[PDB]
Amino acid sequence: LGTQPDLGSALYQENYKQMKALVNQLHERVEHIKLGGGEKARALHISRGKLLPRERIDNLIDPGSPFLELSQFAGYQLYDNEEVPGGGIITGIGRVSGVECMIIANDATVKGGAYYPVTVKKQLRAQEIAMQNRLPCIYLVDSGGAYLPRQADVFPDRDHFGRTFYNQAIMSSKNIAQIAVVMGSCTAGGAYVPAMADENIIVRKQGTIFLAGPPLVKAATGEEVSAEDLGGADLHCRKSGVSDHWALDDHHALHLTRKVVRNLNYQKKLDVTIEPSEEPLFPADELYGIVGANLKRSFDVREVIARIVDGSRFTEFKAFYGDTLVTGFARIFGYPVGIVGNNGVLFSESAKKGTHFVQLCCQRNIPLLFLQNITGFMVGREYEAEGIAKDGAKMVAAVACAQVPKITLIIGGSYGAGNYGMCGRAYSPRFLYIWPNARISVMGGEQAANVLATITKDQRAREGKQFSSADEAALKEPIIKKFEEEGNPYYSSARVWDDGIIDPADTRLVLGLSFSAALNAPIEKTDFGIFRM
Amino acid sequence: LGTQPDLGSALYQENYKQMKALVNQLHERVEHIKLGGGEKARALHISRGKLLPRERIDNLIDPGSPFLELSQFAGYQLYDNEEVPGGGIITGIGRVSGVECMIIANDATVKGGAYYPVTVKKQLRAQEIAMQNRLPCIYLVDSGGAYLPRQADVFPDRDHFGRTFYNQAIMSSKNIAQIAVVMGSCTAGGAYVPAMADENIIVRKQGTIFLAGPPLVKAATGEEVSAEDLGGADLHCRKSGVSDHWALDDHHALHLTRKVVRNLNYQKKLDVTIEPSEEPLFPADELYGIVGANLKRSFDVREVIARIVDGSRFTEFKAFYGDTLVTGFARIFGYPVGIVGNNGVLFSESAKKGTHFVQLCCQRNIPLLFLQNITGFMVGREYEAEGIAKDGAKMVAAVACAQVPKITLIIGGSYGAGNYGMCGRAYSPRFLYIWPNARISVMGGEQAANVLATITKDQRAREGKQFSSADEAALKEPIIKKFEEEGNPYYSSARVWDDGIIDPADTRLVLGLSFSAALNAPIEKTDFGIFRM
Amino acid sequence: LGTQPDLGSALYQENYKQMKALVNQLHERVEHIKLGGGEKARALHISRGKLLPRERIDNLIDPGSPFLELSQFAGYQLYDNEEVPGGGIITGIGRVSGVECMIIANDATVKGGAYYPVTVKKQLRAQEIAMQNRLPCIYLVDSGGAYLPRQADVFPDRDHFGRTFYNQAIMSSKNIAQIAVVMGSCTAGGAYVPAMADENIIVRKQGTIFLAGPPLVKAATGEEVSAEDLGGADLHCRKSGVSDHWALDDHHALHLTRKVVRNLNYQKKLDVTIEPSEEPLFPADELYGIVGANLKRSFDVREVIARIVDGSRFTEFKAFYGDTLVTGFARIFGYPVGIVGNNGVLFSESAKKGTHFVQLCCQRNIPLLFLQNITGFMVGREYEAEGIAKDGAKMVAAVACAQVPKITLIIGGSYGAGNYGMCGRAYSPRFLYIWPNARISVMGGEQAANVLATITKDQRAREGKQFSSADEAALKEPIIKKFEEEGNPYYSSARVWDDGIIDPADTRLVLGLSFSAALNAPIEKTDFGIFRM
């Protein structure tokens, strides 16, 4: 697959310039988030002899191994006047002692490690990923408890803080190791995390564990006791017994953690056929010129596929039927993958073609990759008469029931029911990524504006009043602004709707790491519902 | 080997604090050198569509592979008022298409890529390393020619710029691939580099090659011609034939370079037995407390060995004979290594013990690792009568003739003939590294001061004049200051006397990468001279 | 590489039809040659309990293994009134007990196995192939002696019958096993073959060995003795001792041969790097439409390459310089190969480009593949002034000295010194194959006609006589006919100038088998002569 793009063409020059600017914007913002709370907080953190949260991960994972961080932009401008870089927590997938593990580390520099509502959501998403892929969980616990001013959004509900301990217990019952490294203070609910873990490590003086903190002890019983005496490694290690290992410092604790993982007695087994890897025949950075940042212009999704699959080899299925949808078999890093990508408006033929393809992949136990660039469903009286809704529902039913690993990458628009049909967040893909130029919302911003313009214009006629052209613009403008802000990738990623915003040049690497992790769990047989023919 | 150090001891606390400060100083200085010429130069460089020199290496090497940079501090404060970060050139060893290659990239942001005298020396050292280890050489050529104000130290001599082309021709005759990537302007001698290469890649518009630049053409013949017309990819690619491959941009050129290396038809073969790797039983960061920054205090070199070898396993040879020297067999990353380390003043017994050990390693084709922490030779009338010089010479003769790969790591003092006996720079070790606390000079600063104090005091008596205690201090002070400045690791590393200053915590990784690269060449049989018994 | 051809185009339709007819003609002629002497001769052969020559080979080689027959068309219309299918001998490369061996079998049904002059040449070519590639030789001996009417072209000269025994002695001295299976009568020189072999097998009653046949014994000494008594397996096996193994019938003899090869204690070792094989991305049969049968039309050789190399992956070298010649790196069945192919008339730049490429392949020990489709050298006063001859000679010198395995495939014209520069038969390529549309001669038929027309035209003017247009046609016609007959592939293949005429669709398979066999011998270092710069 693939063709050499015209580098001299003005369109390519403009597209490359716009996309490059978006990538540069993404890179520098991550640099700021990399610093966490700030210099003053970082200096205080080091002054206590503790390692910085990201240095802990560097020492924990195998030397030189890549680290797949998730949801770097959680909490980005989420709260009005509070800056919470990364949501106050760092989560990602890395290799420890040769085993792919999910790492969850609190960032004590950010608001002293307090749990904001986004912080709980990011952690719950990380636990969900580990459970689905059978990845051992490592908790680098350094937390300050729940953020009281927003307790109503942290404590009570099912997907609130309490769910964190529920996930630990369920994963433990499934033989998915839970390892807690207490590298700081953990109070109230935090003290449960080391208690719920299968194996636990606590640092000599930094680590403190207690259901009730000294402030509560004094208020309840009028006793003054230091945190170390109330908790501390020595009390738990030697008297309470809550501690399974005792560590001198952060470096020692991380060294012990690597030993614990090596004793899990786990060996990875692959259910899929493997072939030697090959690089794509075209450079990845050409994706900048091909795609650009203007969603109104259209491109061939095959060009994107040609630059991420091994050897740019692709076997298209039903090429000339439902051409607005592209499906075929390829390989990424030697893994077999079935690719479904949008190439225009969805039709009845496209939905039928997609439904057929998904059954094929499920039958052969082949992972599925979805490339979402949608613009809606075909609109017409004839199409409804032929059951376009009946056809669109078919794809949704098949995609939901599929038990093969599914990864979704939004390279453009994502609107309305087209999002559901292409394995949206609601359909539990193993991972979901978005490019910096993407847009997601219930409908396109223009459609909402035009719909309101038509509705108001008719309503004015019914009332007998007149809606002028200037009146039309006044109505449309606020709507278009609203959908632009709430469909922006940063808005979508600030809340955890996706697992990260990725540079298009990094697409192949991210997919390779993600599919590799998703293969730690055995692939189950797929059971489908009734196909409404 | 190894024992758990007393973390509570005051000595350990002081040593850790001092060593940590030295490492932090080293890290931040490298951060400044990482920026090259500066923001203005970097902005200009990018404005021309060219990649930054370090981004080129990142794209060239295999994804996620470690990169062993060499001589990061070359030119650090070497010239009075000129700042030349990294010497204007970046050299290191990385993996390209699964093959370990030596990468030599000019830094156009630094003085427009001009060749300072240190720049030539750094490049020549890189070529020397590649030839000895049979590593393919990749030249990312973006240079502005020789620095005229210092031409006398660049052009004429054997180890001056001319030697660069001599090395290319010799390496080519030995089937050590030479690949040149012209990613910019190359003039006068620079134009020879692409011409001398086995395969050559030139970017479409950035790359220019011409023996005589436009300025010389106008002066000699009074003709005005642009650099692209005089050189340029199109002229060389299609008409001159100097170019073997034509590249659209930097990304394309780097992609082509990876393809060229894959066609070398080379497969690495190991001459040494291999065993599964194991991590040391003790943390590396403990080396901070053990060693410290005070050279007057002494430590057990076995503690250093215990924290870098696989499983902290070590078979000492002649343990109770010549105890001031430690020799034994160990393994690093599964490679067999013979270790020679100082543990005090060298004696006749120590030299004999070392000479015996070196023969054993040479006989079995085992790589040698030297750990230099010297304080001199034993001084005494009896020792000279027993031929201490005759014994010290024995070790020097054996070390020089040894043909097994040799790596030297200076973890402390390096003075006088003790430097020669422990495989100094003059004895062609494959690599030479120094810790941030090291000191190297002809003799210790104090010894030079005391020697002059004794000489002057006697001379004053002969003249009949009096040399007072204040007179003694006045003489000593300038000498001690001179040896402190010129024995400093940064002074030694600014000039290319070593291949880099490394954090002690990184010692195991650096040695593993270095020994792995040194094994690309077959190990030859060792022929010794006459042993003066 | 490669593009989808226009199947609907008239040119493709015409080219496919013409080449298909040539392939059909080739196939049916081989079918006739497959029958050897004929039904009466075949019936007599079987009546004696002997296996047919091609059935013997089938039972000798491993079950289902491909057999690479050579020079199937030797002796095709070579002798005025005598039909000698295949030259009276069958030669090829096949696998015996997992070892690639050269098999040389006499065809007793053809003229009773007598040795015609072509028969000697075919056998000597097979021995040369085995010697160069270190292939064990297996002789299935069933012969009737030399053909007396043509003795002068069989016995005396260096490349005559005597050379057969010389080759056996030399190969034996180099540890290239020589195995003789006497499955019939062998007289005079034929008796030497079993005697010269390292190990020998004779059938109980069919096999007879004697320096002098019964007819000569009676004439010389007047004694009547049967062939079995004079020779026979029993006499040689038990009393003469010439026989090492005694076989009951042809099946037993073939079974013993496989055992003998299994005891050679040989294991194949590869000197080249290997990668997993991949099929080309385009169908092979499309070569019919692309190439056709008209040599005046031109095609892009890259299209031919795209349909024989693994994955249609090709790294071109000096693409835009000397574009009439195509050079690059690829892989066939996982082996590395450098491909040199004509794409027009040879120029000075093309020869310089080719000479540079050949040095690269020799340096890296990469096998070389030549695709000859030539139309001559550039003709012009300026080109001669610039030393086109000096440039053309450069390629010839490099090609001759190259020590890497070399295979040549003539896919078009082959005229003049262009043949030499592209590794003609005189330059000892390991194998030389030709497509059914090829033409080879000192110069093109038209050039010889035009040259003679010009010479006679001027000569007539000098004599004062007139050469009319009808006179020109009368002169040209016989020359064009002669060059057409002597340039035909069957003319070139009837005599052993090439190793076979192969269907283009079979090109990839034949090359894969040939390169695999050629890799049995270690690749030597190449020593070049003086390059006349």
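Chains as they are written, first to last, in our numbering: chain U, 1 to 533; chain B, 1 to 533; chain C, 1 to 533. Just so it is clear, CB atoms sit at the ideal spot from N, CA and C, and this is done for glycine as well.
Just curious, the beta strand (DSSP E) that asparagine 200 of chain U is in, first and last residue? 199–203
Tell me whether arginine 462 of chain U is buried or exposed, calling it buried when 16 or more other Cβ atoms sit within 10 Å of its Cβ. exposed
For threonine 507 of chain U, the three-state DSSP class (helix, strand or coil): helix
Could you name the residues of the stretch 216–249 of chain B whose beta carbon sits closer than 7 Å to any beta carbon of chain U, in the order they occur along the chain? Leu248
Just how far apart, CA to CA, sit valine 379 of chain U and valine 291 of chain U? 26 Å
How should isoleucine 530 of chain U be labelled, buried or exposed, when 16 other C-beta atoms within 10 angstroms of its C-beta is the threshold for buried? exposed
What does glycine 311 of chain C touch in chain U if you count any residue whose Cβ is under 7 Å from its own? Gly311
So which residues on chain C does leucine 264 of chain B lean against when the C-beta distance must stay under 7 Å? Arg364
So, at 8 Å on beta carbons, what are the nonlocal neighbours of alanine 227 of chain U in its own chain, with the 5 sequence-adjacent residues on each side left out? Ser185, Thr208, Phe210, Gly213, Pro214
Measure the CB-CB distance between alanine 74 of chain C and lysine 111 of chain C and report whether it falls below 8 Å. no
Taking its Cβ as the centre, do 16 or more other Cβ atoms sit within 10 Å of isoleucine 46 of chain B, making it buried, or is it exposed? exposed
Alpha carbon of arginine 150 of chain B to alpha carbon of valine 496 of chain B, nearest angstrom: 18 Å
Considering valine 260 of chain C, what are the terminal residues of the alpha helix (DSSP H) in which it resides? 250–262
Could you tell me whether the Cβ atoms of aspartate 499 of chain C and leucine 70 of chain C are closer together than 8 Å? yes
Distance, Cα to Cα, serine 243 of chain U vs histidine 236 of chain U? 5 Å
Residue-level contact to chain B via CB, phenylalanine 333 of chain C, 8 Å cutoff: no
Out of C:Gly38, C:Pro117, C:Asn200, which one is the CA nearest neighbour of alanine 494 of chain C? C:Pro117
Is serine 350 of chain C a contact residue of the ligand FMN, with contact defined as CB to any heavy atom under 7 Å? No copy of the ligand FMN appears in this structure; indeed no ligand is present at all.
Report buried or exposed for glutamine 77 of chain U, applying the criterion of at least 16 other Cβ atoms within 10 angstroms of its Cβ. exposed
Give the secondary structure of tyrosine 79 of chain C by DSSP, where H, G and I count as helix, E and B as strand, and everything else as coil. coil
Between residue 544 of chain C and chain U, is the shortest Cβ-Cβ distance under 8 Å, so that the two count as touching? Outside the shown range of chain C, which is 1 to 533, sits residue 544 of chain C, and nothing can be said about it.
Sort B:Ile89, B:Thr355, B:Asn437 by Cα distance to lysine 296 of chain B and report the nearest one. B:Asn437
Using the C-alpha atoms, what's the distance from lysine 239 of chain B back to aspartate 229 of chain B? 11 Å
May I have the straight-line CA-CA distance separating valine 217 of chain C from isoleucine 308 of chain C, to the nearest angstrom? 58 Å
Cβ-based neighbour list, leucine 124 of chain U, same chain, cut-off 8 Å, excluding 5 preceding and 5 following: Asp159, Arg163, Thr164, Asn167
Secondary structure at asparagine 342 of chain B, three-state DSSP: helix, strand or coil? strand
Using the C-alpha atoms, what's the distance from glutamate 303 of chain C back to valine 99 of chain C? 35 Å
8 Å Cβ cut-off: residues of chain B touching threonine 273 of chain C: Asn265, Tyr266, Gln267
On a Cα-Cα basis, can you pick out the residue from B:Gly231, B:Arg204, B:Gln267 that is closest to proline 136 of chain B? B:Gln267
Got a sec? Which residues, its chain only, sit under 8 Å from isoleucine 479 of chain B by beta carbon, not counting five neighbours each side? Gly445, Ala448, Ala449, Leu452
Thinking residue 534 of chain C and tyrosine 139 of chain C are a contact (beta carbons under 8 Å), I'd like their distance in whole angstroms, please. Lying before the first or after the last residue shown, residue 534 of chain C is absent from chain C, which here runs from 1 to 533.
So what does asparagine 106 of chain B bridge to, in DSSP terms? B:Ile89
Write down every uninterrupted run of the alpha helix (DSSP H) in the stretch 152–230 of chain B whose length is 4 residues or greater and which is fully enclosed by it, in chain order. 162–173, 192–196, 214–221, 227–230
How is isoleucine 332 of chain B classed by DSSP in three states: helix, strand or coil? strand
Close Cβ partners of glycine 311 of chain B (< 6 Å) along its chain, the five nearest in sequence each way excluded: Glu278
Between which two residues does the alpha helix (DSSP H) harbouring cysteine 362 of chain C extend? 348–364
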